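Undergrad:
Chains as they are written, first to last, in the deposited numbering: chain 5, 172 to 352; chain 1, 455 to 536; chain 4, 287 to 377; chain 6, 2 to 216; chain 7, 181 to 552.
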C-alpha cells in the first residue's frame with residue numbers, strides 16, 4: 172500500500188491524500204525459519220558432538236538463563252520504559268488530537284462566523300474580506316504522517332503490551348503449577 | 455549492636471544504620487519502639503539488596519528466592535549429572 | 287509459549303531419570319551415580335522451587351497473579367484505547 | 002386420592018386458552034378443594050382462579066379463595082401467597098375468611114408464629130378443610146429453624162411451634178433429626194452451621210482467564 | 181376522537197396480522213421460503229412481530245381501562261391474538277421467538293406468571309442477543325416475584341448495562357428505549373436495597389453517579405426512612421402493569437381509575453414486607469459469638485420496650501437472613517457474619533476490552549474498506 176501511493180507518505184500534503192484509500196501500515200511481518208535447509212547436517216554433526224562426551228558448553232547455555240531472572244528487572248524496567256513511552260507518545264498524540272481539533276473545527280468554527288457575519292459579501296463591489304478570510308490553518312487535513320508512525324508506534328505499544336502479557340502470564344503459570352509442594 | 459560495633463558514634467551510627475537503609479544498601483526494620491531491628495526474608499528483593507546491582511558482600515550471599523529460578527534451577531540441578 | 291513444552295520435556299527426563307535410579311536399587315544395586323549427586327540436586331530443585339512449604343508464599347504469588355493480570359489488564363485497556371485514539375482519525 | 006385424577010384435566014386447562022375468560026371456575030375450584038383435602042399442591046390451578054377473579058370482579062368466591070390462600074400457606078416458603086396477593090383486589094381482601102387468612106399469611110411468612118397461633122381462631126371451618134394444614138404450618142415453622150438456626154431452648158422451640166410444652170415439641174424435634182443438648186437445649190444444627198461463607202474462595206483467577214489472554 | 185378510532189384501526193390490523201401469521205406458520209413452508217428468498221431485507225417482517233405487538237399490548241389495556249369489569253380486549257389479545265402465535269411451529273428466524281415474547285409481554289402484564297419453566301423450555305431456538313435482552317427482561321420479573329433476590333439481582337444487571345451487543349439500526353424496540361432503560365434502573369434499584377450490604381451487585385449495571393444517589397436512598401430506607409420505599413414503589417407501580425401509556429387522564433369517567441387501583445393494590449402488599457425485611461436485616465453483623473450483656477445491647481436496636489423484645493428478635497432472626505443460635509448453659513448468642521470480596525469485578529472486563537479492541541476496529545475498519 173506504501174509502494175502503490177508514493178512518494179512517499181508526505182506530511183502536510185500527501186498524508187490523508189493517501190490515507191483516503193488508507194495505506195495499511197503493518198502487513199506481512201513475514202515468517203522466518205521453518206525448513207531443514209541442509210546447511211544443518213554439519214550443525215547436527217556439532218550438536219551430536221556437544222550432546223555426547225563434550226556436554227560442558229550445551230549445559231553452559233542451559234545454565235546461563237538461571238541469572239537472566241535472578242537479578243534482571245525483566246518486567247519492572249521494561250514496563251517502566253514502555254509506560255514512559257505511553258505517557259510521552261500516546262499523551263502528546265492526544266495533544267495532537269486536540270490541536271488538529273484546535274484548527275479543523277475550533278478555529279474553522281469562527282472562520283465560518285467571520286464569513287457569515289458580513290452577509291457573505293457585497294453585491295456591487297468585493298468581497299475583499301470573504302476571500303481574504305478562511306486563512307487555512309497549517310493543518311488542513313489531519314497531519315496524517317506524524318499519525319502514520321503514530322498508529323505504528325501506538326501498536327509498537329500493542330506488541331510491547333503483548334510482550335508484558337506473555338511475561339506475567341506464563342511466569343505466574345509456572346509459579347502456581349510448580350511451587351505447590 | 456551498639457556494643458557489637460564500638461565506633462566513636464552511638465547516635466550518628468544508629469541514624470547511619472537507617473541512612474544506609476533509606477539510601478538503598480540493605481533491608482532493616484528501622485525505628486522499632488522496643489528497638490528490635492530484623493532484616494527479613496526477603497519481601498523487597500529488587501535493587502536495594504546489593505546497592506544497587508554490584509554486591510557489597512564477599513562469599514556470604516545467603517539464599518533469597520525470586521523469578522525464573524523456578525525453571526532454570528529445576529533443569530540446571532537435573533542436568534549437572536545428565 | 288512452547289518453551290513451557292521444552293521445560294515440561296526437561297522435567298519428565300528428570301522424572302524418567304529418577305524412576306530408573308530408584309527402581310534399580312528397589313530390586314538390588316541401583317542409584318550408584320545418583321545418591322548424593324542427583325539427590326544433592328533434588329534438594330537443589332526444592333532450594334529455589336518450591337519455596338519450602340509457606341502458604342503465605344501461596345498468598346504472595348496469587349496476590350502477584352492479582353498484580354500481573356492487572357498490569358496486562360490495563361495493557362488491554364490501552365489496546366482498545368489504541369483504536370479509540372488513532373482510528374477516530376479515520377472518520 | 003383425587004389429586005392425580007383431576008391433575009390431567011387441570012394440566013390441559015392451564016397450558017391452553019381456558020384461564021383468561023371466567024368459564025373454567027367449575028374444575029379449577031374443585032381441584033383447589035382436592036389440593037386442600039389431600040395436602041398436594043399445584044400453583045397455576047390456584048393462580049388461574051385468582052386471575053379470573055381479578056380480571057372480571059363478578060365471580061370472586063370466599064371458600065375457594067380461602068382454600069387457595071391456606072394451600073399457599075401450607076407450601077411456604079414458595080411464592081404461592083405472593084401470587085394470591087398479586088390478584089385479589091383490596092375490596093376483596095376485606096371479606097371473611099379472605100382478610101383473616103391474609104393476616105395469617107402476613108404473620109406466617111414474616112415468621113410471627115406466636116402472634117399467628119394466638120390471633121388465629123384455634124378451630125376455624127377451613128383449617129380442617131385443608132388436610133394437614135397444622136402439619137404444613139409447623140413444617141414451615143421448623144423449616145426456617147432448620148436453615149437459619151443453630152441451637153434452640155426446650156421452651157423456645159415449643160413457643161416457635163405454638164401452644165405446646167413437651168409432647169408435640171418432641172414429636173417435631175425427633176421428626177427432623179434434632180437431638181437434645183445438656184442443661185438444656187434442643188440440638189437443631191451444629192455451631193459451624195451459622196457463618197456459611199459464600200465467596201471468599203475467589204482469586205484462583207488465572208488458569209481459565211489466561212486461556213483468553215494467550216492471544 | 182383522534183385516539184379511540186385509531187386504537188380500533190390498529191387493533192383490527194393486529195388481529196388481521198395475527199390471523200395471517202396464525203394460518204401460514206404451522207404446515208406451510210412455501211410463503212416462509214418466498215419471504216426468505218424474494219425480499220432480501222430480513223428486517224421488516226421481524227419488525228412487524230414487535231412493532232404491532234407493543235402497540236397491541238398498549239391498545240388492549242387502553243380499551244380495558246374503560247371496559248374494566250367484563251373485559252373484551254385482554255381475552256381477544258391472550259386467547260386469540262397471542263396464544264394463536266405462541267402454540268405453533270417455530271418460524272426458523274427471529275419471528276418464532278418474538279411470537280413467544282409477544283405472548284410473554286401480556287403474560288407479564290397479567291400477574292399470572294408461572295409458565296417461566298415452559299416458556300424457556302420450548303424456546304430451544306438460537307438465543308440471538310436481540311431476543312436474549314427481552315428474555316432476561318421478562319424472565320427477570322418471574323425471579324423478582326419468586327422472592328429470591330440474591331438470584332434475581334444478577335438477571336436485571338445484564339439488561340441494564342446493555343453489554344448484550346444489540347445493533348439495530350432498523351427501529352426494532354421500537355420508539356421506546358429510554359422507558360425500558362428507566363424500568364431496568366427502577367427494578368435494579370428495588371433489588372439493590374432488599375439485600376445491601378450483600379451486593380456488591382450495583383457497580384456493573386448503573387455506575388457510581390446514580391449508584392451513590394440510590395446508595396444514599398438505600399441507606400435511608402434501611403435506617404428507617406419510608407420516603408425511599410414510597411419513591412421506589414411510586415416510580416415502579418406503572419412499570420409493572422403499564423401497557424406503554426394510558427389513554428387520557430379525565431375526571432368524569434370512573435372507569436380509568438379502577439385498573440390504576442388494581443395496579444396500586446397488588447404491588448404494594450408485596451414490597452411493603454420487603455421494605456420491613458430491609459430494616460429488620462439493615463444492621464450489619466458486626467460480631468459473631470455475642471454474650472448476654474451486648475446481646476441485650478443489640479436486642480435494644482432490634483426492638484426494645486419491653487415486651488416483646490425476645491420473641492420480636494426471634495421473628496427478625498427467622499427471615500432467611502439471620503443464621504444464629506442461643507447456648508442457654510454458657511449464655512452465648514452464636515450468630516453468623518456473612519461478608520464477600522470485591523477485586524474480581526475486573527475478570528469479565530479483560531475479555532470485554534479484548535473485544536473492545538475488536539470494537540475499536542469494527543466501524544473504523546468498515547470505514548477503511550468503504551473508504552478505499
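Even for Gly, the Cβ is constructed at its ideal location relative to N, Cα and C.
Just checking, does the region 301-319 of chain 7 make contact with the region 53-65 of chain 6 on the three C-beta pairs under 8 Å criterion?
TA: No: fewer than three Cβ pairs fall under 8 Å.
Undergrad: Say whether chain 4 places a C-beta atom closer than 8 Å to the C-beta of residue 500 (chain 1).
TA: No, residue 500 (chain 1) does not count as interfacial toward chain 4.
Undergrad: With distance defined between alpha-carbon atoms, name the residue in 355 (chain 7), 391 (chain 7) and 362 (chain 7) nearest to residue 372 (chain 7).
TA: Closest by alpha carbon: 391 (chain 7).
Undergrad: Name the chain 7 residues that come within less than 8 Å of residue 192 (chain 5), Cβ to Cβ?
TA: Residues of chain 7 passing the Cβ test: 551 and 552.
Undergrad: Taking just the CA atoms, how far does residue 331 (chain 5) sit from residue 200 (chain 5)?
TA: Each residue's Cα considered, the two are about 16 Å apart.
Undergrad: Which residue's Cα is closest to the Cα of residue 208 (chain 7): 271 (chain 7), 248 (chain 7) and 185 (chain 7)?
TA: Of 271 (chain 7), 248 (chain 7) and 185 (chain 7), the residue nearest in Cα terms is 271 (chain 7).
Undergrad: Could you tell me which chain 6 residues have their CB closer than 7 Å to the CB of residue 344 (chain 5), listed as they occur along the chain?
TA: Those within 7 Å of residue 344 (chain 5) in chain 6 are 211.
Undergrad: Residue 480 (chain 1) to residue 474 (chain 1), Cα distance in whole Å?
TA: Between residue 480 (chain 1) and residue 474 (chain 1), the C-alpha separation is close to 7 Å.
Undergrad: Check whether the Cβ atoms of residue 314 (chain 5) and residue 182 (chain 5) sit closer than 8 Å, and answer yes or no.
TA: For residue 314 (chain 5) and residue 182 (chain 5), yes; Cβs fall inside 8 Å.
Undergrad: Taking the alpha carbon of residue 338 (chain 7) as the reference point, which residue from 275 (chain 7), 319 (chain 7) and 327 (chain 7) has its own alpha carbon closest?
TA: Here the closest residue by C-alpha is 319 (chain 7).
Undergrad: Between which two residues does the alpha helix (DSSP H) harbouring residue 309 (chain 7) extend?
TA: Looking at the DSSP string, the run of the alpha helix (DSSP H) that includes residue 309 (chain 7) is 309-325.
Undergrad: Mind checking if residue 365 (chain 4) is an interface residue toward chain 5, Cβ cutoff 8 Å exclusive?
TA: Yes, contact with chain 5.
Undergrad: I need the DSSP call for residue 113 (chain 6), collapsed to helix, strand or coil.
TA: Coil at residue 113 (chain 6), not helix or strand.
Undergrad: Measure the C-alpha to C-alpha separation of residue 248 (chain 5) and residue 339 (chain 5) and round it to an integer number of angstroms.
TA: The alpha-carbon atoms of residue 248 (chain 5) and residue 339 (chain 5) are separated by roughly 14 Å.
Undergrad: Using the rule of at least 16 other Cβ atoms within 10 Å of the residue's Cβ for burial, across every protein chain shown, is residue 349 (chain 7) buried or exposed?
TA: Exposed: under 16 other Cβ atoms inside 10 Å.
Undergrad: With contact counted as at least three CB pairs below 8 Å, one residue from each stretch, are the region 285-297 of chain 7 and the region 82-98 of chain 6 in contact?
TA: They touch, by the three-pair rule.
Undergrad: Alpha carbon to alpha carbon, what distance is there between residue 322 (chain 5) and residue 367 (chain 4)?
TA: So the two alpha carbons sit approximately 11 Å from each other.
Undergrad: Cβ of residue 425 (chain 7) within 8 Å of Cβ of residue 238 (chain 7)?
TA: Yes; because the gap between Cβ atoms is below 8 Å, this pair is in contact.
Undergrad: What does DSSP give as the partner residues of residue 181 (chain 6) in its beta bridges?
TA: DSSP output for residue 181 (chain 6) lists 187 (chain 6) as bridge partner(s).
Undergrad: Just to confirm before moving on: does the CB-CB distance between residue 516 (chain 7) and residue 507 (chain 7) stay below 8 Å?
TA: Against a cut-off of 8 Å, the Cβ pair of residue 507 (chain 7) and residue 516 (chain 7) comes out as no contact.
Undergrad: Looking at the structure shown, is residue 515 (chain 7) part of a helix, part of a strand, or coil, going by DSSP?
TA: It is a strand residue.
Undergrad: For residue 308 (chain 4) and residue 299 (chain 4), I'd like the C-alpha separation in whole angstroms.
TA: The alpha-carbon atoms of residue 308 (chain 4) and residue 299 (chain 4) are separated by roughly 14 Å.
Undergrad: From residue 50 (chain 6) to residue 10 (chain 6), what distance separates their C-alpha atoms?
TA: Cα-Cα distance, rounded: 15 Å.
Undergrad: Would a check of beta-carbon distances place residue 303 (chain 5) closer than 8 Å to chain 6?
TA: Residue 303 (chain 5) does not count as touching chain 6.
Undergrad: Under the three-state reduction of DSSP, which class applies to residue 152 (chain 6): helix, strand or coil?
TA: Residue state, collapsed to three classes: strand.
Undergrad: Is any non-hydrogen atom of the ligand FAD found closer than 7 Å to the C-beta of residue 102 (chain 6), if you look at the structure I gave you?
TA: The ligand FAD is absent from the structure shown, which contains no ligands of any kind.
Undergrad: Label residue 464 (chain 1) either buried or exposed according to how many other C-beta atoms from any shown protein chain fall within 10 Å of its C-beta, with 16 as the threshold for buried.
TA: It is exposed - the Cβ of residue 464 (chain 1) has fewer than 16 other Cβ atoms within 10 Å.
Undergrad: So, does the CB of residue 333 (chain 4) fall closer than 8 Å to a CB anywhere in chain 7?
TA: Judged by the 8 Å Cβ criterion, residue 333 (chain 4) is not in contact with chain 7.
Undergrad: Touch check for the region 320-338 of chain 7 and the region 188-198 of chain 7: three-plus C-beta pairs under 8 Å?
TA: The answer is no - the region 188-198 of chain 7 does not touch the region 320-338 of chain 7, with fewer than three Cβ pairs under 8 Å.
Undergrad: Please determine, among 280 (chain 7), 327 (chain 7), 330 (chain 7) and 329 (chain 7), the residue with the shortest C-alpha to C-alpha distance to residue 311 (chain 7).
TA: If we check each option's Cα against that of residue 311 (chain 7), 280 (chain 7) comes out closest.
Undergrad: For residue 316 (chain 4), which residues in the same chain have their Cβ closer than 8 Å to its Cβ, ignoring the five residues on either side in sequence?
TA: Counting only Cβ-Cβ distances below 8 Å, and skipping sequence neighbours, we find 306, 307, 308, 309 and 310.
Undergrad: Taking 8 Å as the threshold, find out whether the region 170-177 of chain 6 comes into contact with the region 96-109 of chain 6 through three or more Cβ pairs.
TA: They do not touch, by the three-pair rule.
Undergrad: Of the choices 513 (chain 1), 485 (chain 1), 501 (chain 1) and 520 (chain 1), whose alpha-carbon is the least far from that of residue 346 (chain 4)?
TA: Ranking the options by Cα distance to residue 346 (chain 4), first place goes to 520 (chain 1).
Undergrad: Mind listing, in chain order, the continuous alpha helix (DSSP H) runs of no fewer than 4 residues lying wholly within the region 35-73 of chain 6?
TA: Counting only runs of 4 or more, we get 44-56.
Undergrad: For residue 196 (chain 7), report the span of its beta strand (DSSP E) as first-last.
TA: Unbroken run through residue 196 (chain 7) is the alpha helix (DSSP H), 184-203; no beta strand (DSSP E).
Undergrad: Can you name the residues that DSSP bridges to residue 470 (chain 7)?
TA: Paired residue(s): 513 (chain 7).
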